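Data block for run_19.cif (mmCIF, C-alpha atoms and all ligand atoms):
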```cif
data_run
loop_
_atom_site.label_atom_id
_atom_site.label_comp_id
_atom_site.auth_asym_id
_atom_site.auth_seq_id
_atom_site.Cartn_x
_atom_site.Cartn_y
_atom_site.Cartn_z
CA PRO X 1 67.68 135.99 -39.77
CA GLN X 2 66.34 133.14 -41.90
CA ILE X 3 67.21 129.71 -40.58
CA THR X 4 66.94 126.76 -42.97
CA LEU X 5 66.15 123.30 -41.63
CA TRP X 6 68.71 121.19 -43.50
CA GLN X 7 70.39 120.92 -40.10
CA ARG X 8 69.01 121.11 -36.56
CA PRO X 9 68.29 124.82 -35.89
CA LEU X 10 70.90 125.21 -33.17
CA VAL X 11 71.60 128.70 -31.92
CA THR X 12 73.68 130.25 -29.19
CA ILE X 13 71.81 131.49 -26.15
CA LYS X 14 72.99 133.47 -23.15
CA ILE X 15 71.48 132.67 -19.78
CA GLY X 16 72.95 133.29 -16.35
CA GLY X 17 75.91 134.80 -18.14
CA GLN X 18 76.59 131.38 -19.64
CA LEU X 19 76.68 130.71 -23.37
CA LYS X 20 74.87 127.55 -24.44
CA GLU X 21 73.78 125.84 -27.63
CA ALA X 22 70.01 125.41 -27.85
CA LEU X 23 67.49 124.10 -30.35
CA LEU X 24 64.80 126.43 -31.72
CA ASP X 25 61.88 124.03 -31.25
CA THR X 26 58.49 125.07 -32.67
CA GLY X 27 57.13 121.77 -31.35
CA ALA X 28 57.94 122.69 -27.76
CA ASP X 29 55.34 124.51 -25.65
CA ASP X 30 58.01 125.17 -23.04
CA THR X 31 61.69 125.95 -22.86
CA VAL X 32 63.70 123.16 -21.28
CA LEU X 33 67.37 123.49 -20.45
CA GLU X 34 69.81 120.91 -19.15
CA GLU X 35 70.60 120.85 -15.43
CA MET X 36 71.96 124.22 -14.33
CA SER X 37 71.67 126.63 -11.45
CA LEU X 38 69.21 129.50 -11.64
CA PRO X 39 68.39 132.07 -8.96
CA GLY X 40 65.04 132.25 -7.23
CA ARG X 41 62.35 129.82 -6.20
CA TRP X 42 61.10 127.10 -8.53
CA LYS X 43 58.14 124.74 -8.78
CA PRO X 44 58.38 121.03 -9.59
CA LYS X 45 56.74 120.04 -12.86
CA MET X 46 56.35 117.03 -15.14
CA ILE X 47 56.70 117.74 -18.86
CA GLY X 48 56.12 115.12 -21.51
CA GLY X 49 57.58 114.63 -24.95
CA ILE X 50 58.55 111.71 -27.14
CA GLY X 51 59.62 108.91 -24.81
CA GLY X 52 57.53 110.05 -21.88
CA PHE X 53 57.72 112.50 -19.01
CA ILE X 54 60.67 113.95 -17.15
CA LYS X 55 60.64 115.91 -13.91
CA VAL X 56 61.90 119.46 -14.27
CA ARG X 57 62.17 122.55 -12.10
CA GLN X 58 60.17 125.55 -13.26
CA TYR X 59 61.71 129.03 -12.97
CA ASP X 60 59.65 132.06 -14.00
CA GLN X 61 60.72 135.53 -15.14
CA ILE X 62 64.02 134.23 -16.48
CA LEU X 63 65.94 136.44 -18.89
CA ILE X 64 67.47 134.73 -21.91
CA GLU X 65 69.29 136.14 -24.92
CA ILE X 66 68.59 134.37 -28.20
CA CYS X 67 70.81 135.48 -31.08
CA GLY X 68 71.20 138.94 -29.60
CA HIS X 69 67.47 139.23 -28.92
CA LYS X 70 66.53 139.45 -25.25
CA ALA X 71 63.51 137.51 -24.05
CA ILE X 72 61.85 136.88 -20.71
CA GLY X 73 59.86 133.83 -19.72
CA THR X 74 59.47 130.55 -17.90
CA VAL X 75 62.41 128.17 -18.12
CA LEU X 76 62.30 124.52 -17.15
CA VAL X 77 65.48 122.83 -16.00
CA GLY X 78 65.89 119.08 -16.05
CA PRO X 79 67.50 115.97 -17.53
CA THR X 80 66.77 116.96 -21.13
CA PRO X 81 69.26 115.59 -23.69
CA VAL X 82 69.40 118.93 -25.48
CA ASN X 83 68.63 122.56 -24.67
CA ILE X 84 65.20 123.42 -26.00
CA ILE X 85 63.93 126.91 -26.78
CA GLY X 86 60.17 126.52 -26.89
CA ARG X 87 57.33 128.69 -28.18
CA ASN X 88 57.07 130.67 -24.95
CA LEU X 89 60.36 132.38 -25.86
CA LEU X 90 60.34 132.02 -29.67
CA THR X 91 57.29 134.29 -29.73
CA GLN X 92 59.18 136.93 -27.76
CA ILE X 93 61.89 137.30 -30.39
CA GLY X 94 59.40 137.46 -33.25
CA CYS X 95 60.24 134.01 -34.54
CA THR X 96 57.92 132.69 -37.24
CA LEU X 97 57.68 129.53 -39.31
CA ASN X 98 57.57 130.37 -43.04
CA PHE X 99 56.94 128.56 -46.32
CA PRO J 101 52.21 131.25 -45.21
CA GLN J 102 53.73 132.80 -42.10
CA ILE J 103 52.96 131.06 -38.84
CA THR J 104 53.36 132.76 -35.48
CA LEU J 105 54.02 130.61 -32.41
CA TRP J 106 51.65 131.99 -29.77
CA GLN J 107 49.81 128.70 -30.33
CA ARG J 108 51.07 125.29 -31.44
CA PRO J 109 51.87 125.32 -35.16
CA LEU J 110 49.25 122.71 -36.02
CA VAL J 111 48.39 122.19 -39.66
CA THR J 112 46.17 119.74 -41.45
CA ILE J 113 48.04 117.03 -43.31
CA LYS J 114 46.66 114.47 -45.72
CA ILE J 115 48.08 110.97 -45.68
CA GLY J 116 46.52 107.71 -46.79
CA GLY J 117 43.59 109.76 -48.05
CA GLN J 118 42.78 111.00 -44.55
CA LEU J 119 43.03 114.38 -42.86
CA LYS J 120 44.97 114.62 -39.61
CA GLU J 121 46.38 117.49 -37.58
CA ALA J 122 50.14 117.59 -37.24
CA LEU J 123 52.72 119.82 -35.62
CA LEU J 124 55.33 121.65 -37.71
CA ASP J 125 58.22 120.65 -35.47
CA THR J 126 61.65 122.16 -36.08
CA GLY J 127 62.94 120.28 -33.04
CA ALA J 128 62.30 116.94 -34.73
CA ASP J 129 64.80 115.34 -37.11
CA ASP J 130 62.09 112.93 -38.22
CA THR J 131 58.39 112.85 -38.92
CA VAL J 132 56.57 110.66 -36.45
CA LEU J 133 52.90 109.81 -36.77
CA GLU J 134 50.50 108.21 -34.32
CA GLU J 135 49.75 104.52 -34.80
CA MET J 136 48.20 104.02 -38.23
CA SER J 137 48.18 101.77 -41.27
CA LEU J 138 50.64 102.41 -44.07
CA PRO J 139 51.61 100.27 -47.10
CA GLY J 140 54.77 98.28 -47.76
CA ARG J 141 57.36 96.85 -45.44
CA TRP J 142 58.71 98.80 -42.52
CA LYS J 143 62.12 98.83 -40.90
CA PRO J 144 62.73 99.32 -37.19
CA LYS J 145 64.08 102.53 -35.74
CA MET J 146 64.83 103.83 -32.28
CA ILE J 147 64.28 107.56 -31.88
CA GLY J 148 65.04 109.62 -28.80
CA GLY J 149 62.82 112.27 -27.32
CA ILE J 150 63.01 114.32 -24.14
CA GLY J 151 61.58 111.44 -22.11
CA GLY J 152 63.66 108.63 -23.58
CA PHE J 153 63.55 106.35 -26.61
CA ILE J 154 60.67 104.67 -28.36
CA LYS J 155 60.53 101.97 -30.99
CA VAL J 156 58.88 103.10 -34.21
CA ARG J 157 58.06 101.60 -37.58
CA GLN J 158 59.83 103.33 -40.45
CA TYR J 159 58.06 103.58 -43.80
CA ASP J 160 59.82 105.06 -46.81
CA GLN J 161 58.67 107.05 -49.82
CA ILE J 162 55.33 107.95 -48.25
CA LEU J 163 53.13 110.59 -49.86
CA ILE J 164 52.01 113.23 -47.38
CA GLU J 165 50.37 116.57 -48.08
CA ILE J 166 51.23 119.40 -45.69
CA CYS J 167 49.06 122.50 -46.17
CA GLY J 168 48.60 121.75 -49.85
CA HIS J 169 52.30 121.01 -50.34
CA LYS J 170 52.93 117.48 -51.58
CA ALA J 171 55.88 115.75 -49.95
CA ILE J 172 57.20 112.23 -50.35
CA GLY J 173 59.51 110.89 -47.70
CA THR J 174 60.23 108.79 -44.65
CA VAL J 175 57.55 108.55 -42.01
CA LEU J 176 57.84 106.89 -38.63
CA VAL J 177 54.80 105.47 -36.89
CA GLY J 178 54.81 104.90 -33.15
CA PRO J 179 53.57 105.79 -29.63
CA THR J 180 53.64 109.54 -30.17
CA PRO J 181 51.31 111.97 -28.32
CA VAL J 182 50.89 114.03 -31.48
CA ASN J 183 51.64 113.79 -35.18
CA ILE J 184 55.03 115.38 -35.74
CA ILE J 185 56.17 116.83 -39.06
CA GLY J 186 59.95 116.93 -38.76
CA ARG J 187 62.82 118.52 -40.66
CA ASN J 188 63.01 115.69 -43.18
CA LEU J 189 59.67 116.91 -44.54
CA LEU J 190 59.78 120.54 -43.45
CA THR J 191 62.75 120.98 -45.79
CA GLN J 192 60.77 119.49 -48.67
CA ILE J 193 58.14 122.21 -48.30
CA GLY J 194 60.75 124.97 -48.01
CA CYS J 195 59.90 125.77 -44.41
CA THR J 196 62.27 128.11 -42.57
CA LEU J 197 62.48 129.76 -39.16
CA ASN J 198 62.52 133.55 -39.34
CA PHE J 199 63.00 136.39 -36.87
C1 LIG H 201 53.84 119.62 -24.17
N1 LIG H 201 55.14 119.05 -24.42
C2 LIG H 201 55.95 119.69 -25.34
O1 LIG H 201 55.64 120.72 -25.98
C3 LIG H 201 57.31 119.06 -25.56
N2 LIG H 201 57.50 119.04 -27.04
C4 LIG H 201 58.07 118.05 -27.73
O2 LIG H 201 58.50 117.02 -27.20
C5 LIG H 201 58.18 118.19 -29.24
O3 LIG H 201 57.51 117.04 -29.88
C6 LIG H 201 56.07 117.22 -30.14
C7 LIG H 201 55.23 116.89 -28.94
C8 LIG H 201 54.23 117.80 -28.50
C9 LIG H 201 53.44 117.49 -27.36
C10 LIG H 201 53.66 116.27 -26.66
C11 LIG H 201 52.82 115.92 -25.44
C12 LIG H 201 53.37 115.33 -24.21
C13 LIG H 201 52.44 115.11 -23.28
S1 LIG H 201 50.81 115.60 -23.80
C14 LIG H 201 51.50 116.12 -25.35
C15 LIG H 201 54.66 115.37 -27.10
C16 LIG H 201 55.44 115.68 -28.24
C17 LIG H 201 59.67 118.27 -29.67
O4 LIG H 201 59.92 119.13 -30.80
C18 LIG H 201 60.19 116.92 -30.06
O5 LIG H 201 59.75 116.53 -31.40
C19 LIG H 201 61.71 116.85 -29.98
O6 LIG H 201 62.13 117.34 -28.68
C20 LIG H 201 63.41 118.04 -28.69
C21 LIG H 201 64.55 117.06 -28.67
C22 LIG H 201 65.48 117.05 -29.74
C23 LIG H 201 66.54 116.11 -29.71
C24 LIG H 201 66.66 115.18 -28.62
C25 LIG H 201 67.81 114.18 -28.60
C26 LIG H 201 67.70 112.81 -28.06
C27 LIG H 201 68.84 112.13 -28.15
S2 LIG H 201 70.16 113.08 -28.90
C28 LIG H 201 69.03 114.44 -29.07
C29 LIG H 201 65.73 115.19 -27.56
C30 LIG H 201 64.67 116.13 -27.58
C31 LIG H 201 62.12 115.47 -30.28
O7 LIG H 201 61.86 114.60 -29.45
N3 LIG H 201 62.75 115.25 -31.44
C32 LIG H 201 63.19 113.94 -31.86
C33 LIG H 201 64.59 114.13 -32.37
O8 LIG H 201 64.82 114.99 -33.27
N4 LIG H 201 65.52 113.33 -31.81
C34 LIG H 201 66.89 113.47 -32.29
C35 LIG H 201 62.27 113.40 -33.03
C36 LIG H 201 62.79 112.05 -33.61
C37 LIG H 201 60.75 113.24 -32.61
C38 LIG H 201 58.41 119.95 -24.86
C39 LIG H 201 58.24 120.01 -23.29
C40 LIG H 201 59.87 119.49 -25.15
#
```
How does this structure look as structure tokens?
Amino acid sequence: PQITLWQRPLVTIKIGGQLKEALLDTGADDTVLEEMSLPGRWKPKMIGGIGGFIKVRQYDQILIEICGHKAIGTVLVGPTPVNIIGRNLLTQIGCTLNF
Amino acid sequence: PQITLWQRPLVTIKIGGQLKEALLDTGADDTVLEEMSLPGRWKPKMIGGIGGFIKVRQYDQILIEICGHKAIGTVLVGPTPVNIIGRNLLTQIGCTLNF
């Protein structure tokens, strides 16, 4: 669909069978989700943004559904104030910025 | 144009007569630019990012060209890693997310 930016581009995502609200963030290299449990091994990682760095846990090969579209990729879990769907997954659903 | 997200959506912007690279950031409510000189008085503003909050200087009615599209709006200047073009300006250039 076509999402306007008058409001934050929040969409519903399905991950781990859980429905969550996440932000489609073209400014995010990675996908960062709030603290949650994911299966498998993870690697510690520091990701920076506005305000500095936060420590997150990196999970690879994670399946996420974004507006019906399935996508696979790395997901970072940590104390982020909002769920962020970064470019690593936006590319997988054919998301493009247009004007 | 149509921008894919396999790489950061960096574009050249023109502000204060200078060229700078900035990120088309749908995850940003506001436009935040790296430390620079702008005219007029500024007002304080606290903005939150993934790593916490930062104090920024808010300048209003600032002329900024984004990929040839002239925009005039609020710009925040502060300790940001990269120049961020947020929704306040993305909407002025008719930018939308599509997939
Ligand atoms: C490599 N690192 C990245 O790609 C990071 N990208 C960014 O931080 C983007 O910023 C460009 C950016 C790119 C590279 C580096 C970088 C780092 C190290 S080397 C390069 C630093 C910054 C991003 O889209 C921000 O803009 C936006 O983050 C989402 C967000 C939205 C609402 C709240 C939130 C907070 C309180 S309630 C909701 C909290 C967070 C955000 O902070 N939005 C703010 C906002 O809208 N707040 C409401 C806005 C005022 C700036 C990833 C890991 C998240």
Mind running chain J against ligand LIG 201 (chain H) at 9 Å and telling me each contacting residue's nearest atom pair with the distance in Å (one decimal), counting only C-alpha atoms and all ligand atoms, chain and number ascending, as JSON lines?
```
{"residue": "J:108", "atom": "CA", "partner": "H:LIG201", "partner_atom": "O1", "distance": 8.5}
{"residue": "J:123", "atom": "CA", "partner": "H:LIG201", "partner_atom": "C6", "distance": 6.9}
{"residue": "J:124", "atom": "CA", "partner": "H:LIG201", "partner_atom": "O4", "distance": 8.7}
{"residue": "J:125", "atom": "CA", "partner": "H:LIG201", "partner_atom": "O4", "distance": 5.2}
{"residue": "J:126", "atom": "CA", "partner": "H:LIG201", "partner_atom": "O4", "distance": 6.3}
{"residue": "J:127", "atom": "CA", "partner": "H:LIG201", "partner_atom": "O4", "distance": 3.9}
{"residue": "J:128", "atom": "CA", "partner": "H:LIG201", "partner_atom": "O8", "distance": 3.5}
{"residue": "J:129", "atom": "CA", "partner": "H:LIG201", "partner_atom": "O8", "distance": 3.9}
{"residue": "J:130", "atom": "CA", "partner": "H:LIG201", "partner_atom": "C36", "distance": 4.7}
{"residue": "J:131", "atom": "CA", "partner": "H:LIG201", "partner_atom": "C37", "distance": 6.7}
{"residue": "J:132", "atom": "CA", "partner": "H:LIG201", "partner_atom": "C37", "distance": 6.2}
{"residue": "J:146", "atom": "CA", "partner": "H:LIG201", "partner_atom": "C36", "distance": 8.6}
{"residue": "J:147", "atom": "CA", "partner": "H:LIG201", "partner_atom": "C36", "distance": 5.0}
{"residue": "J:148", "atom": "CA", "partner": "H:LIG201", "partner_atom": "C26", "distance": 4.2}
{"residue": "J:149", "atom": "CA", "partner": "H:LIG201", "partner_atom": "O7", "distance": 3.3}
{"residue": "J:150", "atom": "CA", "partner": "H:LIG201", "partner_atom": "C30", "distance": 4.2}
{"residue": "J:151", "atom": "CA", "partner": "H:LIG201", "partner_atom": "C29", "distance": 7.8}
{"residue": "J:152", "atom": "CA", "partner": "H:LIG201", "partner_atom": "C26", "distance": 7.3}
{"residue": "J:153", "atom": "CA", "partner": "H:LIG201", "partner_atom": "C26", "distance": 7.8}
{"residue": "J:176", "atom": "CA", "partner": "H:LIG201", "partner_atom": "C36", "distance": 8.7}
{"residue": "J:180", "atom": "CA", "partner": "H:LIG201", "partner_atom": "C15", "distance": 6.7}
{"residue": "J:181", "atom": "CA", "partner": "H:LIG201", "partner_atom": "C15", "distance": 4.9}
{"residue": "J:182", "atom": "CA", "partner": "H:LIG201", "partner_atom": "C7", "distance": 5.8}
{"residue": "J:183", "atom": "CA", "partner": "H:LIG201", "partner_atom": "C6", "distance": 7.5}
{"residue": "J:184", "atom": "CA", "partner": "H:LIG201", "partner_atom": "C6", "distance": 6.0}
{"residue": "J:185", "atom": "CA", "partner": "H:LIG201", "partner_atom": "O5", "distance": 8.5}
{"residue": "J:186", "atom": "CA", "partner": "H:LIG201", "partner_atom": "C35", "distance": 7.1}
{"residue": "J:187", "atom": "CA", "partner": "H:LIG201", "partner_atom": "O8", "distance": 8.4}
```
From (66.3, 124.4, -12.3), in the file's coordinates, out to 7 Å: which residues are reached, counting all atoms listed in the file? Answer as a PyMOL selection string.
chain X and resi 35-38+42+56-59+76-78
Answer as a PyMOL selection string, residues within 10 Å of (75.1, 137.9, -27.3) using all atoms listed in the file
chain X and resi 12-15+17+19+64-70
To one decimal place in Å, what is the distance between CA of residue 193 (chain J) and CA of residue 7 (chain X)?
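For CA of residue 193 (chain J) relative to CA of residue 7 (chain X), the distance reads 14.8 Å.
In this structure, CA of residue 34 (chain X) sits 23.1 Å away from CA of residue 197 (chain J).
Reported to one decimal place, the separation of CA of residue 61 (chain X) from CA of residue 22 (chain X) is 18.7 Å.
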Expected axis-aligned box over every listed atom of region 121-127 of chain J, 8 Å added per side, centre plus edges in Å to one decimal, as JSON:
```
{"center_x": 54.7, "center_y": 119.8, "center_z": -35.4, "size_x": 32.6, "size_y": 20.7, "size_z": 20.7}
```
Smallest atom-to-atom distance to chain J: which of X:9, X:44, X:16, X:73, using all atoms listed in the file?
X:9
Counting all atoms listed in the file, the option among J:103, J:111, J:189, J:175 closest to chain X:
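Once distances to chain X are computed over all atoms listed in the file, the minimum belongs to J:103.
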